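Here is the structure we will look at.
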Amino acid sequence: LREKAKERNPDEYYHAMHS
Amino acid sequence: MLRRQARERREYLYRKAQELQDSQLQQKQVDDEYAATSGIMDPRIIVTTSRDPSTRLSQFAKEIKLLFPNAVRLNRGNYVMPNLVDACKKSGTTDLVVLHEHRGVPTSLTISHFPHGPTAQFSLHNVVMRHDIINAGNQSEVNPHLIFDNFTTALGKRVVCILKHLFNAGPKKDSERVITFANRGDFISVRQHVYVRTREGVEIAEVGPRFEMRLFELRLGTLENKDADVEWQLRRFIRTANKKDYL
Amino acid sequence: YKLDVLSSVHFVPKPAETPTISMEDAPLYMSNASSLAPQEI
Amino acid sequence: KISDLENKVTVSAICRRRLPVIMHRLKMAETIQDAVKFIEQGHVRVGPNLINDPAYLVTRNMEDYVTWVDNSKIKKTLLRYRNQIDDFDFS
Amino acid sequence: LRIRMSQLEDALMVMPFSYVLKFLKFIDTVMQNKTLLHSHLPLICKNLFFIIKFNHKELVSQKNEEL
Amino acid sequence: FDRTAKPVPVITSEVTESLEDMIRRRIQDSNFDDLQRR
Amino acid sequence: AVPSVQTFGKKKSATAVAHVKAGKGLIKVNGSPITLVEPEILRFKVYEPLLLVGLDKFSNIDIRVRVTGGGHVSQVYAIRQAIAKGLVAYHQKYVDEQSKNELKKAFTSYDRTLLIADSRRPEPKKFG
Amino acid sequence: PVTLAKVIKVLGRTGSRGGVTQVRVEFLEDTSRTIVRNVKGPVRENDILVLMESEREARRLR
Amino acid sequence: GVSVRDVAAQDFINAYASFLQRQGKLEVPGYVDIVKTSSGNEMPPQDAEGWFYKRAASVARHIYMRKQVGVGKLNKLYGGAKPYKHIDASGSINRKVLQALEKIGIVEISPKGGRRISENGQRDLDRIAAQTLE
Amino acid sequence: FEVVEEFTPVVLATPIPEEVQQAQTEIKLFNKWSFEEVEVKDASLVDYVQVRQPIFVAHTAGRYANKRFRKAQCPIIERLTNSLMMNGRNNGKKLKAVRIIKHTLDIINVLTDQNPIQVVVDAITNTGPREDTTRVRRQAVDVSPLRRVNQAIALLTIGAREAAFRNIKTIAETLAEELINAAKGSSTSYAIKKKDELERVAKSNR
Amino acid sequence: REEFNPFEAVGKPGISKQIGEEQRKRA
Amino acid sequence: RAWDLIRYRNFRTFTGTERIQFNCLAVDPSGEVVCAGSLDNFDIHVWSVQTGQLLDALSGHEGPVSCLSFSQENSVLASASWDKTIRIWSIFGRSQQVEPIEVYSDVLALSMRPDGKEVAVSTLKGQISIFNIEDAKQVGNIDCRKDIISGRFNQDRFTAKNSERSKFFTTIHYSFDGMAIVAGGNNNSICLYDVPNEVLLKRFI
RNA sequence: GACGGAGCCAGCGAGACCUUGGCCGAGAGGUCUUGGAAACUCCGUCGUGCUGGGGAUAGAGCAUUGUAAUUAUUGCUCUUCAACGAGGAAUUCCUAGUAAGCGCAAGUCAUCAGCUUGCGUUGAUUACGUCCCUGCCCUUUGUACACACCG
């Protein structure tokens with residue numbers, strides 16, 4: 001979870017983003 | 001820009017895995033990190049310490065700066081390691097050296113190779129500073145000659161390469177300064193000598209400092225990345241730890 | 001060319017007896033002797 | 001090495017370099033078909049320039065500057081849920 | 001001649017003007033002996049050209065007729 | 001009683017003469033393991 | 001809906017979120033009036049935007065600021081820099097472009113930290 | 001009385017003692033007249049300096 | 001529309017401290033003159049006449065600032081540094097002060113533990129809040 | 001001819017002090033001291049003592065050690081406040097220096113009706129040594145303007161500090177006194193004296 | 001050889017532990 | 001590569017150790033130092049004209065260097081990149097100093113005043129921002145997004161007004177008098193602006 | 001600057017015991033239940049007096065922890081009230097979020113137990129020029145692709 005938490009792209013989009 | 005480092009680490013870990021497989025098949029040259037720049041671009045070294053360092057670590061950092069021809073000392077006042085590695089990555093630094101102490105007695109030394117590792121940590125024993133020497137005088141800062149003795153295993157050749165590229169390549173044949181790294185049961189004895197070629201032999205004089213290392217952690221990444229995959233560790237609690245040798 | 005147009009944002013054009021006139025001349029008035037330095041001579 | 005170029009090169013490799021495929025791997029679009037519409041509608045930028053052609057292959061040095069146009073209505077949605085929508089940047 | 005040429009220009013910038021007036025007088029003396037000028041004419045030309053460039057605004061100031 | 005780890009060495013004189021001997025033999029033969037331009 | 005705009009201001013670890021909407025002139029920070037911010041000596045610091053651009057612009061809008069993290073001075077810098085960004089963004093979104101141009105000119109002329117983040121990224125001054 | 005002179009050139013390779021720089025300054029009262037002076041603090045172009053004595057010509061100070 | 005948050009911090013307590021002192025129904029324990037308010041302190045409150053009433057005003061707001069509050073919170077809230085220990089404030093005084101308030105009706109016992117701002121007290125705090133402004 | 005940009009009365013539902021409205025009219029130090037009438041008497045200190053940019057408070061968070069001469073652009077009041085804080089125990093406490101200078105400026109306005117910022121600029125102008133010695137024995141050499149202002153600030157601050165180090169006088173009142181005495185040019189101020197023997201020793205070795 | 005090895009210019013007292021060890025081997 | 005226009009010969013060629021891909025260049029007023037920039041390497045290579053050797057590489061960007069220019073009189077280097085920042089390099093002298101200045105968006109073009117006292121930069125947002133080199137502070141800003149004219153492509157499926165393809169200027173240059181800039185980009189417009197007033201003088205199709 | 005009130009702002013960190021809350025005690029600390037930060041700011045008292053700075057030593061009490069001793073251990077209350085008034089000859093380091101002040105957390109194989117590492121908070125003076133002194137080096141076959149300069 002840490003290395004994964006480190007390697008965030010802030011630009012990640014998903015259709016559930018709207019709600 | 002985060003996506004540059006995110007991708008290349010996958011490339012770096014892939015390259016090391018492929019190199020490891022190739023070596024294993026050969027079991028049945030210079031390391032990939034250093035193969036690009038070995039003997040082409042002179043190393044750029046930053047020497048720093050832990051925060052609020054005691055006076056000795058500041059001087060000891062000044063000493064480790066003097067040992068390597070292209071080393072520069074940096075105070076660690078309030079800096080944050082992700083900022084340090086990014087800032088040292090920013091200036092083109094090749095390696096970063098961090099020093100730790102206990103009551104002004106240096107205890108550990110860590111080397112992290114840029115841009116993408118590896119990171120080697122050392123434990124400092126029997127450290128004798130040259131500041132403990134009266135009327136020692138000033139050094140020679142020429143590109144020193146360099147000795148590696150009693151390095152046989154594959155891990156030894158790796159430790160050789162990591163320490164190898166901290167210095168400038170191509171010293172003059174008559175360069176007067178010699179650095180020796182000598183393993184004696186994982187006990188890398190380090191001395192700084194200066195000689196004169198006589199009519200019937202050679203005479204050497206210690207410049208110092210004297211200080212011993214044991215490698216205890218090698219990882220595939222910068223020292224900041226505590227999640228970096230680990231190539232090797234010193235695993236101390238085995239019943240054979242009291243009599244096993246690695247280097 | 002084939003791969004460039006795949007990988008180019010902006011237009012990439014296709015790359016292209018009797019005595020011959022040369023389209024390009026790499027000045028005409030300038031002489032080859034005048035283009036040589038004294039140390040070369 | 002050259003002897004590898006003869007076998008390493010395959011159609012799938014060039015398809016992987018295709019922009020909608022890269023968007024899917026970068027997870028910008030859930031599906032390859034979806035990525036095509038976003039490219040057609042003009043919400044994607046590769047470095048300084050917007051690309052409308054799905055068949056574009058992104059070269060290796062441009063692949064991390066592929067991102068969304070600043071004023072994409074969807075890029076607003078990215079920041080609206082996370083509540084990082086800063087309107088000084090107009091996004 | 002002894003002075004290094006890479007170090008001529010700074011030697012001329014440090015030059016006080018009251019000494020420049022003397023330098024012009026020394027340069028003056030050179031031309032009476034045509035041989036002395038011709039022997040090292042290029043160096044005399046350069047030195048004179050830097051002194052005036054260094055002190056052109058000064059030189060326009062002195063209204064002395066003899067100068 | 002048993003000791004878990006290797007004891008840290010003591011740099012007595014005899015160790016010191018032995019080490020400096022090897023340094024002198026290396027330089028006498030000019031057998032130097034140092035990096036070179038490539 | 002009511003015209004509104006959101007922005008952020010960051011100084012060290014201090015972060016302030018400023019929401020600017022159409023209103024009758026209520027500026028609040030952490031739910032309290034801007035007059036009550038502490039330290040009072042740096043109160044005028046957070047006043048630098050309000051005082052430089054004019055209050056009738058603010059008389060025509062509501063601002064609410066929520067601050068978290070960092071120290072007192074860093075929080076004050078976050079508040080000012082966020083509210084400046086919020087005013088200019090509001091004038092862009094719901095007012096003419098000339099107004100935001102004038103506000104940006106005034107803010108950058110007086111103090112650019114009001115609009116750009118001031119981050120002292122480490123720099124090795126010595127080469128090598 | 002003290003005169004004022006604006007620095008017109010900071011001289012280099014003057015070998016002055018550490019912390020001392022040799023400069024050339026033109027008097028404000030007379031733009032043409034200029035004098036070489038030794039200054040201790042940092043110096044740059046177009047700054048003006050107070051000369052109590054306008055007669056002494058600077059000498060290189062080891 | 002006046003609220004306790006709308007008034008300057010030191011002003012509300014001082015005005016509400018005088019409100020409590022003049023009022024004359026706030027119970028004050030006998031030992032107030034003989035305590036520190038904390039073990040880390042070295043001298044007693046200098047304003048022996050009015051510090052408890054100022055203490056009551058100070059807590060009467062913290063319940064307004066923070067909806068639910070208990071004795072443990074006041075102890076840490078008024079605690080201070082002494083190697084340092086950061087000893088919390090005296091538990092006895094804080095409990096007596098809290099108990100004093102709901103006798104007036106300013107505060108009252110909250111559900112799930114702690115104290116609640118007694119709705120009568122909410123206007124009372126607002127009343128002196130308007131008093132300071134006007 | 002008349003110009004108006006405001007045609008509706010501005011009442012902010014959040015109350016403001018009227019003094020902040022007059023501050024909207026003009027930027028003043030602590031909203032009490034104006035920079036318009038402050039001018040540097042001595043031409044040499046000009047371009048190195050900066051008073052043209054008005055500020056409400058000394059604290060600015062500006063970056064003035066990047067380049068060799070950024071300090072000239074820093075406001076002089078900020079420089080005095082920043083030099084005030086020394087001795088280790090006061091290190092890191094800039095806002096205290098802001099309070100101290102506020103009280104000092106108040107004391108200046110009390111003792112002399114002149115604008116206190118004018119007193120400060122006059123004092124730093126007076127206390128700047130125009131010539132000094134350098135150890136070869138000694139040889140006399142002139143002084144750069146930035147070094148003049150730096151030495152003036154340092155001398156003023158250290159004199160104010162030592163005068164009240166173990167005296168009933170507080171740092172605010174002693175700082176006000178030495179500023180006034182330096183502005184007058186009287187020998188009573190520590191800085192004026194030290195400037196004097198520096199110049200005298202240089203004259204002896206001229 | 002002995003003159004120019006200050007660790008065995010002269011070092012501070014206590015930098016070396018030879019005297020401690022030699023006593024031990026004799027024991 | 002180095003070319004002489006008097007004898008029309010290539011008298012010198014410079015290349016990186018790993019053949020770094022160059023996009024921008026600058027030449028010293030004295031004509032002894034050359035700096036080139038790359039989109040892949042993030043560092044500015046420096047060469048000596050006389051010798052042809054790599055003096056050093058100027059690191060300092062997270063992003064690809066977009067443009068380079070040396071001051072004609074003062075000889076400072078201004079380097080601008082997609083890192084949202086601009087750096088002023090004082091390479092000449094005993095000590096080297098770098099002054100980074102942050103910008104809102106990625107910079108594409110940089111023009112430097114002939115006086116060498118000011119530098120103008122074009123960003124993706126369509127802003128021409130001028131900064132004082134000595135003070136490292138912004139002195140003016142120009143808005144260009146609205147003035148730019150961009151035509152809808154026949155292949156487009158969205159309108160030109162809603163499009164964002166090119167409302168930035170990929171190239172800018174001062175006037176020698178210093179009061180104007182000519183700006184161009186991947187668009188159908190050249191905009192001539194005025195610095196002191198930040199207004200569009202004329203536009204050309 | 002010491003003291004008394006009041007006001008408050010962080011980021012690291014997860015292998016029965018922790019705990020929000022109520023009731024007692026001046027405090028230390030007890031008892032009954034639920035879930036699993038300082039520095040710093042405002043207002044006041046004190047004042048050049050080894051003074052309301054300093055808390056070493058000593059006396060009397062109120063409690064905690066084991067363990068089976070009248071044993072120590074860790075805290076709290078009062079009284080007692082020392083050296084220390086800025087530090088010789090000498091000596092070490094240091095250029096920006098740097099020197100310095102400030103508190104918090106984990107002990108994750110070497111090393112460290114009021115010591116090591118990590119986190120955040122406030123935040124400077126001066127220099128950013130020189131080879132003059134010291135020390136360490138490089139060159140004295142342009143070799144260097146044109147122009148220019150040098151010989």
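Residue numbering restarts at 1 for every chain of the structure tokens, chains are lettered A, B, ... in their displayed order, and ligands are numbered from 1 as they appear.
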* To do: For chain M, work out the contacting residues on chain L at 8 Å, counting only C-alpha atoms (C1' of nucleotides), and write them as a list in words.
  =>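 Applying the cut-off to the listed atoms yields residues 4, 7, 9, 10, 11, 12, 50 and 51 of chain L.
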Prev. selection, N, CA and C atoms, output as a compact mmCIF listing (two decimals), in the first residue's frame:
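Once written, selection_23.txt looks like this:
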```
# COMPACT_ATOMS: atom_id res chain seq x y z
N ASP L 4 31.17 29.08 -40.54
CA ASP L 4 31.66 30.41 -40.87
C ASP L 4 31.06 30.84 -42.21
N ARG L 7 34.10 32.03 -45.27
CA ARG L 7 34.65 30.99 -46.12
C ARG L 7 33.68 29.83 -46.36
N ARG L 9 32.42 27.21 -44.40
CA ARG L 9 32.98 25.93 -43.97
C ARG L 9 32.50 25.62 -42.56
N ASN L 10 32.35 24.33 -42.26
CA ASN L 10 32.01 23.87 -40.92
C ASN L 10 33.31 23.62 -40.16
N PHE L 11 33.70 24.60 -39.34
CA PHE L 11 35.02 24.53 -38.71
C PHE L 11 35.00 23.77 -37.38
N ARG L 12 33.83 23.39 -36.88
CA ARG L 12 33.78 22.64 -35.63
C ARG L 12 32.41 22.00 -35.49
N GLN L 50 36.41 27.31 -28.79
CA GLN L 50 37.80 27.15 -29.20
C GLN L 50 38.22 25.68 -29.19
N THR L 51 37.84 24.93 -28.16
CA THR L 51 38.33 23.57 -27.97
C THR L 51 37.36 22.50 -28.46
```
* Can you tell me, as an MDAnalysis selection string, what residues are no more than 10 Å from range 158-170 of chain L when counting only C-alpha atoms (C1' of nucleotides), ignoring any on the same chain fewer than 5 positions away? -> (chainID D and resid 40:45 48:52 69:72) or (chainID L and resid 66 107:110 121:128 143:153 182:191)
If you take only C-alpha atoms and a cut-off of 6 Å, which residues of chain H touch chain J, and what are their nearest atom pairs and distances in Å to one decimal, in chain and number order, as a tab-separated table?
```
residue	atom	partner	partner_atom	distance
H:38	CA	J:141	CA	5.7
H:39	CA	J:142	CA	5.0
H:40	CA	J:143	CA	5.7
H:41	CA	J:144	CA	5.0
H:48	CA	J:44	CA	5.6
```
* In range 107-166 of chain B, DSSP strand (DSSP E) residues written as a list in words -> residues 107, 108, 109, 110, 111, 112, 113, 119, 120, 121, 122, 123, 124, 125, 126, 127, 128, 133, 134, 145, 146, 147, 148 and 149 of chain B
* Could you pull out the residues in chain C that DSSP calls alpha helix (DSSP H) from the backbone, as an MDAnalysis selection string? => chainID C and resid 2:7
Those selected residues, please, written with N, CA, C and O atoms and delivered as a compact mmCIF listing (two decimals), in the first residue's frame.
```
# COMPACT_ATOMS: atom_id res chain seq x y z
N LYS C 2 7.37 6.47 -42.90
CA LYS C 2 6.17 5.75 -42.51
C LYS C 2 5.92 5.84 -41.01
O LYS C 2 4.80 6.11 -40.57
N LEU C 3 6.97 5.64 -40.21
CA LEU C 3 6.80 5.70 -38.77
C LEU C 3 6.68 7.14 -38.29
O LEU C 3 6.01 7.41 -37.29
N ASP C 4 7.33 8.07 -38.99
CA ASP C 4 7.27 9.47 -38.57
C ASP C 4 5.84 10.00 -38.59
O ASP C 4 5.41 10.66 -37.65
N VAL C 5 5.10 9.70 -39.66
CA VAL C 5 3.73 10.21 -39.76
C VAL C 5 2.86 9.59 -38.68
O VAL C 5 1.91 10.22 -38.18
N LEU C 6 3.15 8.34 -38.30
CA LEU C 6 2.47 7.77 -37.14
C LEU C 6 2.82 8.55 -35.87
O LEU C 6 1.96 8.74 -35.01
N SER C 7 4.06 9.00 -35.76
CA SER C 7 4.57 9.59 -34.52
C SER C 7 4.76 11.10 -34.61
O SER C 7 5.40 11.68 -33.72
```
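The coordinates place CA of residue 25 in chain H at 5.4 Å from CA of residue 5 in chain H.
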* Nearby residues (only C-alpha atoms (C1' of nucleotides)) at most 12 Å from residue 53 in chain M, same-chain spacing under 5 positions excluded, as a PyMOL selection string -> chain M and resi 1-3+47-48+84-85
